[PDB]
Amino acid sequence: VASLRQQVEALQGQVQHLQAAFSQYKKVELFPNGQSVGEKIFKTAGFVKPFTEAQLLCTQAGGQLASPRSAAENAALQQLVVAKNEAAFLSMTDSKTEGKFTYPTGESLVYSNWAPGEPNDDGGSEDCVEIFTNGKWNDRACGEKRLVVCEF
């Protein structure tokens, strides 16, 4: 029992160092292309791509396209869009049923920040969503190229 008690104390020291070092590296990592909000992390690839390609990049990376579910998350996302000065794609679309936007899971939206008059399915062909530098949303053609931002 003496040895065990001694080992445990040793582990505490190792863990304290890791937590401290990790805390520092998290800040370093997020600068300047990431944003942490709650338990979510948004990170931009810094370039533009059409929706399908953007979606694949995020999913293959173990995440998904930016999916702001609250005003706080939307503002965090807006910071990256503003930094790059490029509107970005969100993960949501109404490709399945026109007029009904859903997350990749199929769940209906729990938050939205549509610009006045949007979504309007302009030209009868806008199933994707973009977020502007002002944080507002607009449905847009999925074939258009927008800033790639994933969430993890």
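One-based numbering along the sequence shown. Note that the rigid core is defined as the largest set of C-alphas that superpose within 1.5 Å between two forms.
- Take 8-16 and 140-148, fit the other structures onto the shown form by the rigid core, and average the C-alpha distances in 9 other deposited structures of this protein: the farther stretch is 8-16.
- Higher mean CA B-factor, judged across 81-89 and 104-112 from the recorded values: 104-112.
- Look at the C-alpha B-factors of 139-147 and of 13-21. On average they run higher in 13-21.
- Among the modelled residues of its chain, residue 31 has a C-alpha B-factor that falls in the lowest third according to the deposited record.
- Looking at the C-alpha B-factors along this chain, the one for residue 46 belongs to the highest third.
- Residue-level temperature factors show residue 95 in the highest third of its chain, judged at the C-alpha atom.
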